[PDB]
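Take a look at the structure below.
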Amino acid sequence: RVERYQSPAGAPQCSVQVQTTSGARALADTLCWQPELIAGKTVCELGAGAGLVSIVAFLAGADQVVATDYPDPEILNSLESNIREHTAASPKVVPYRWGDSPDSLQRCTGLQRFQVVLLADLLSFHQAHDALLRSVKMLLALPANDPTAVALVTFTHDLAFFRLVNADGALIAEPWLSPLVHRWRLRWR
């Protein structure tokens with residue numbers, strides 16, 4: 001089942017066709033309107049799924065996109081097949097289980113941490129909220145080096161994930177942009 005995507009009218013502009021096995025569209029939409037969010041930044045996508053946001057991230061001029069999903073051949077292969085089919089410093093596709101030390105991911109890509117971290121539609125399964133939090137804590141660039149470091153979290157209409165973040169006082173979870181599907185933001189401090 002091929003889902004087709006193209007950016008909205010009046011955006012600083014490409015159509016994407018991907019094999020499949022919502023807030024992804026929303027996070028994408030944002031990236032086209034505000035490419036300067038990720039222009040020249042290092043980007044890591046958690047649960048990249050079909051690969052839409054990572055492809056857009058690339059087309060927006062990130063200096064590295066590391067798209068990740070669960071270590072499953074079926075999903076990774078097509079993730080890569082989709083990402084490659086729209087790439088002519090190519091993005092890397094790396095397996096990563098939420099909560100795992102990122103040593104191997106940092107081995108494969110050369111990056112320790114990331115300036116932008118993208119989380120489209122990962123919020124439905126609650127029992128994973130903790131591992132997601134810890135993942136962001138481990139993957140997001142530390143303020144010492146990058147003060148403008150950010151994790152962009154988008155989801156489709158609970159907010160308990162963000163409750164979980166703030167209770168754990170390391171990161172801080174704030175709303176970020178108006179709803180289309182909601183858009184939030186994680187950050188240090």
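In the structure tokens, each chain is lettered A, B, ... as it comes, each chain's residues begin at 1, and ligands are numbered from 1 in order of appearance.
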Practice item. Go through stretch 77-174 of chain A and collect every residue that DSSP, computed from the backbone, puts in strand (DSSP E or B); the answer should be as an MDAnalysis selection string. Key: chainID A and resid 92:95 114 116:120 140 150:155 171:174
Can you write just those residues out, N, CA and C atoms, as a PDB file, in the first residue's frame?
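Just written: again10.pdb:
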ATOM      1  N   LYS A  92      21.506   7.648   6.999  1.00  0.00           N
ATOM      2  CA  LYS A  92      21.794   6.291   7.419  1.00  0.00           C
ATOM      3  C   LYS A  92      20.570   5.739   8.101  1.00  0.00           C
ATOM      4  N   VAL A  93      20.326   4.446   7.887  1.00  0.00           N
ATOM      5  CA  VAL A  93      19.270   3.728   8.582  1.00  0.00           C
ATOM      6  C   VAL A  93      19.891   2.734   9.559  1.00  0.00           C
ATOM      7  N   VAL A  94      19.563   2.889  10.832  1.00  0.00           N
ATOM      8  CA  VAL A  94      20.215   2.138  11.893  1.00  0.00           C
ATOM      9  C   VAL A  94      19.137   1.557  12.800  1.00  0.00           C
ATOM     10  N   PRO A  95      19.297   0.287  13.240  1.00  0.00           N
ATOM     11  CA  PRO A  95      18.305  -0.255  14.172  1.00  0.00           C
ATOM     12  C   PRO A  95      18.537   0.357  15.538  1.00  0.00           C
ATOM     13  N   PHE A 114      22.561  14.445  19.123  1.00  0.00           N
ATOM     14  CA  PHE A 114      21.927  15.060  17.964  1.00  0.00           C
ATOM     15  C   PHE A 114      21.288  16.408  18.299  1.00  0.00           C
ATOM     16  N   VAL A 116      18.749  17.962  16.471  1.00  0.00           N
ATOM     17  CA  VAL A 116      17.296  17.778  16.369  1.00  0.00           C
ATOM     18  C   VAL A 116      16.976  16.284  16.483  1.00  0.00           C
ATOM     19  N   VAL A 117      15.941  15.946  17.252  1.00  0.00           N
ATOM     20  CA  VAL A 117      15.499  14.566  17.421  1.00  0.00           C
ATOM     21  C   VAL A 117      14.014  14.542  17.097  1.00  0.00           C
ATOM     22  N   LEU A 118      13.610  13.690  16.161  1.00  0.00           N
ATOM     23  CA  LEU A 118      12.242  13.731  15.659  1.00  0.00           C
ATOM     24  C   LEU A 118      11.404  12.574  16.164  1.00  0.00           C
ATOM     25  N   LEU A 119      10.251  12.877  16.760  1.00  0.00           N
ATOM     26  CA  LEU A 119       9.366  11.830  17.265  1.00  0.00           C
ATOM     27  C   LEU A 119       7.932  11.974  16.748  1.00  0.00           C
ATOM     28  N   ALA A 120       7.707  11.544  15.507  1.00  0.00           N
ATOM     29  CA  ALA A 120       6.363  11.498  14.930  1.00  0.00           C
ATOM     30  C   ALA A 120       5.551  10.291  15.424  1.00  0.00           C
ATOM     31  N   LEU A 140      19.705  13.367  22.729  1.00  0.00           N
ATOM     32  CA  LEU A 140      19.647  14.818  22.532  1.00  0.00           C
ATOM     33  C   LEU A 140      20.943  15.486  22.958  1.00  0.00           C
ATOM     34  N   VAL A 150      17.036  20.386  20.564  1.00  0.00           N
ATOM     35  CA  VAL A 150      15.592  20.181  20.704  1.00  0.00           C
ATOM     36  C   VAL A 150      15.120  18.793  20.236  1.00  0.00           C
ATOM     37  N   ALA A 151      14.090  18.267  20.893  1.00  0.00           N
ATOM     38  CA  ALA A 151      13.379  17.071  20.420  1.00  0.00           C
ATOM     39  C   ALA A 151      11.947  17.463  20.025  1.00  0.00           C
ATOM     40  N   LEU A 152      11.561  17.205  18.773  1.00  0.00           N
ATOM     41  CA  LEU A 152      10.248  17.623  18.254  1.00  0.00           C
ATOM     42  C   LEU A 152       9.235  16.492  18.267  1.00  0.00           C
ATOM     43  N   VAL A 153       8.222  16.626  19.116  1.00  0.00           N
ATOM     44  CA  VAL A 153       7.289  15.536  19.368  1.00  0.00           C
ATOM     45  C   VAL A 153       5.913  15.871  18.830  1.00  0.00           C
ATOM     46  N   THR A 154       5.438  15.042  17.918  1.00  0.00           N
ATOM     47  CA  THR A 154       4.140  15.265  17.316  1.00  0.00           C
ATOM     48  C   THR A 154       3.267  14.021  17.518  1.00  0.00           C
ATOM     49  N   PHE A 155       1.958  14.221  17.679  1.00  0.00           N
ATOM     50  CA  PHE A 155       1.034  13.110  17.968  1.00  0.00           C
ATOM     51  C   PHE A 155      -0.425  13.404  17.612  1.00  0.00           C
ATOM     52  N   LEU A 171      14.820  16.636  31.491  1.00  0.00           N
ATOM     53  CA  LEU A 171      14.313  17.378  30.349  1.00  0.00           C
ATOM     54  C   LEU A 171      13.096  18.169  30.784  1.00  0.00           C
ATOM     55  N   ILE A 172      12.590  19.007  29.888  1.00  0.00           N
ATOM     56  CA  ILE A 172      11.362  19.744  30.161  1.00  0.00           C
ATOM     57  C   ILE A 172      10.471  19.785  28.916  1.00  0.00           C
ATOM     58  N   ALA A 173       9.217  19.399  29.111  1.00  0.00           N
ATOM     59  CA  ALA A 173       8.276  19.197  28.019  1.00  0.00           C
ATOM     60  C   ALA A 173       7.258  20.322  27.957  1.00  0.00           C
ATOM     61  N   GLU A 174       7.309  21.086  26.870  1.00  0.00           N
ATOM     62  CA  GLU A 174       6.423  22.229  26.671  1.00  0.00           C
ATOM     63  C   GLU A 174       5.669  22.071  25.354  1.00  0.00           C
TER      64      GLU A 174
END
Practice item. For residue A:37, list every protein, DNA or RNA residue within 10 Å, evaluated using only C-alpha atoms, and leave out those in the same chain fewer than 2 positions away; present the list as a ChimeraX atom specification. Key: /A:30-35,39-41,57,60,62,115-116,150,152
**Study point:** Contacts of residue A:29 within 10 Å, only C-alpha atoms, excl. fewer than 2 positions in-chain, as a PyMOL selection string
**Key:** chain A and resi 5-8+11+23-27+31-35+53+56+180
Please produce a file of the residues just selected, as an mmCIF file, in the first residue's frame, where the atoms kept are N, CA, C and O atoms.
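And here is the file that came out, again14.cif:
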data_model
loop_
_atom_site.group_PDB
_atom_site.id
_atom_site.type_symbol
_atom_site.label_atom_id
_atom_site.label_comp_id
_atom_site.auth_asym_id
_atom_site.auth_seq_id
_atom_site.Cartn_x
_atom_site.Cartn_y
_atom_site.Cartn_z
ATOM 1 N N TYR A 5 2.674 11.553 -0.510
ATOM 2 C CA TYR A 5 2.728 12.804 0.236
ATOM 3 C C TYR A 5 3.353 13.917 -0.579
ATOM 4 O O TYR A 5 4.357 13.707 -1.255
ATOM 5 N N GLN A 6 2.754 15.102 -0.501
ATOM 6 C CA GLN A 6 3.428 16.335 -0.917
ATOM 7 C C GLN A 6 3.155 17.491 0.040
ATOM 8 O O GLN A 6 2.073 17.589 0.627
ATOM 9 N N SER A 7 4.166 18.349 0.191
ATOM 10 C CA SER A 7 4.125 19.513 1.080
ATOM 11 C C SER A 7 2.945 20.443 0.773
ATOM 12 O O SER A 7 2.398 20.401 -0.335
ATOM 13 N N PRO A 8 2.539 21.276 1.757
ATOM 14 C CA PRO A 8 1.392 22.167 1.543
ATOM 15 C C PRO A 8 1.721 23.342 0.625
ATOM 16 O O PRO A 8 2.899 23.619 0.363
ATOM 17 N N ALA A 11 4.969 26.813 0.767
ATOM 18 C CA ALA A 11 6.039 26.329 1.631
ATOM 19 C C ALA A 11 7.387 26.436 0.916
ATOM 20 O O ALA A 11 7.489 26.099 -0.265
ATOM 21 N N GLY A 23 0.752 12.083 12.200
ATOM 22 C CA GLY A 23 1.580 13.095 12.841
ATOM 23 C C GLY A 23 2.905 13.101 12.125
ATOM 24 O O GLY A 23 3.691 14.043 12.262
ATOM 25 N N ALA A 24 3.157 12.040 11.360
ATOM 26 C CA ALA A 24 4.303 12.005 10.468
ATOM 27 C C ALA A 24 4.126 13.097 9.416
ATOM 28 O O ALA A 24 5.049 13.880 9.184
ATOM 29 N N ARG A 25 2.930 13.155 8.816
ATOM 30 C CA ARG A 25 2.545 14.221 7.876
ATOM 31 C C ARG A 25 2.610 15.608 8.514
ATOM 32 O O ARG A 25 3.002 16.580 7.873
ATOM 33 N N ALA A 26 2.213 15.678 9.781
ATOM 34 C CA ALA A 26 2.212 16.912 10.548
ATOM 35 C C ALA A 26 3.626 17.397 10.850
ATOM 36 O O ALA A 26 3.940 18.564 10.638
ATOM 37 N N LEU A 27 4.476 16.508 11.354
ATOM 38 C CA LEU A 27 5.867 16.863 11.586
ATOM 39 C C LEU A 27 6.526 17.260 10.268
ATOM 40 O O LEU A 27 7.281 18.233 10.219
ATOM 41 N N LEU A 31 8.176 20.958 8.960
ATOM 42 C CA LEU A 31 9.535 21.026 8.443
ATOM 43 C C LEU A 31 9.631 21.758 7.103
ATOM 44 O O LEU A 31 10.646 22.392 6.815
ATOM 45 N N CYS A 32 8.578 21.686 6.296
ATOM 46 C CA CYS A 32 8.555 22.404 5.022
ATOM 47 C C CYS A 32 8.339 23.903 5.208
ATOM 48 O O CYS A 32 8.964 24.706 4.516
ATOM 49 N N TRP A 33 7.457 24.264 6.139
ATOM 50 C CA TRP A 33 7.191 25.663 6.489
ATOM 51 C C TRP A 33 8.384 26.311 7.194
ATOM 52 O O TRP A 33 8.714 27.471 6.926
ATOM 53 N N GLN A 34 9.017 25.549 8.088
ATOM 54 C CA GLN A 34 10.184 26.002 8.844
ATOM 55 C C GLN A 34 11.359 25.045 8.635
ATOM 56 O O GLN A 34 11.705 24.277 9.537
ATOM 57 N N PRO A 35 11.981 25.081 7.441
ATOM 58 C CA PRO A 35 13.143 24.220 7.187
ATOM 59 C C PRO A 35 14.342 24.598 8.051
ATOM 60 O O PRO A 35 15.169 23.739 8.352
ATOM 61 N N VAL A 53 9.416 11.572 7.357
ATOM 62 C CA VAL A 53 10.008 12.738 8.020
ATOM 63 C C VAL A 53 11.505 12.819 7.798
ATOM 64 O O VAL A 53 12.045 13.909 7.635
ATOM 65 N N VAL A 56 12.062 14.092 4.255
ATOM 66 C CA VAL A 56 11.860 15.541 4.271
ATOM 67 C C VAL A 56 13.038 16.228 4.959
ATOM 68 O O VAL A 56 13.614 17.170 4.414
ATOM 69 N N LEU A 180 -3.048 20.932 14.161
ATOM 70 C CA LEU A 180 -3.581 20.770 12.802
ATOM 71 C C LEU A 180 -4.741 19.769 12.770
ATOM 72 O O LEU A 180 -5.559 19.769 11.838
#
Review point. Which neighbours of residue A:156 fall inside 9 Å, counting only C-alpha atoms, when residues of the same chain fewer than 4 positions from it are skipped, and could you give them as a VMD selection string?
Key: chain A and resid 22 to 23 121 123 to 124 181 to 182
Check your understanding: Please, which residues of stretch 13-168 of chain A, numbered as in this document, come out alpha helix (DSSP H) from DSSP, as a PyMOL selection string?
Key -> chain A and resi 23-33+52-59+73-84+103-109+129-139+160-167
Review point. Interatomic distance between atom CA of residue A:2 and atom CA of residue A:19?
Key: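 About the pair atom CA of residue A:2 and atom CA of residue A:19: they are 4.8 Å apart.
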Point to revise | Selection near residue A:48, 8 Å with only C-alpha atoms, sequence-local residues under 3 positions removed, as an NGL selection string | key: :A and (45 or 51-54 or 67-69 or 79 or 120)
Can you spit out the residues from that selection as a compact mmCIF listing (two decimals), in the first residue's frame, using N, CA and C atoms?
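Just written: selection_33.txt:
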# COMPACT_ATOMS: atom_id res chain seq x y z
N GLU A 45 15.80 10.31 13.84
CA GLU A 45 14.37 9.97 13.91
C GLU A 45 14.12 8.67 14.63
N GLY A 51 9.53 6.29 6.69
CA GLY A 51 10.69 7.14 6.44
C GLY A 51 10.37 8.54 5.97
N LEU A 52 9.10 8.93 6.02
CA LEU A 52 8.69 10.22 5.47
C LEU A 52 9.48 11.39 6.04
N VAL A 53 9.42 11.57 7.36
CA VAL A 53 10.01 12.74 8.02
C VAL A 53 11.50 12.82 7.80
N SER A 54 12.16 11.66 7.80
CA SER A 54 13.60 11.58 7.53
C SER A 54 13.94 12.03 6.11
N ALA A 67 17.99 7.84 10.46
CA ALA A 67 16.63 7.32 10.66
C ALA A 67 16.72 5.96 11.34
N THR A 68 15.95 5.76 12.40
CA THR A 68 16.01 4.49 13.12
C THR A 68 14.66 3.84 13.32
N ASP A 69 14.65 2.52 13.41
CA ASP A 69 13.48 1.80 13.85
C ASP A 69 13.91 0.50 14.52
N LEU A 79 12.31 0.78 5.04
CA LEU A 79 12.75 2.10 5.49
C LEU A 79 13.89 2.60 4.60
N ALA A 120 7.71 11.54 15.51
CA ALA A 120 6.36 11.50 14.93
C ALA A 120 5.55 10.29 15.42
Revision key, fill the gap. With distances taken over only C-alpha atoms, the candidate from A:58, A:184, A:125, A:96 nearest residue A:71 is A:96
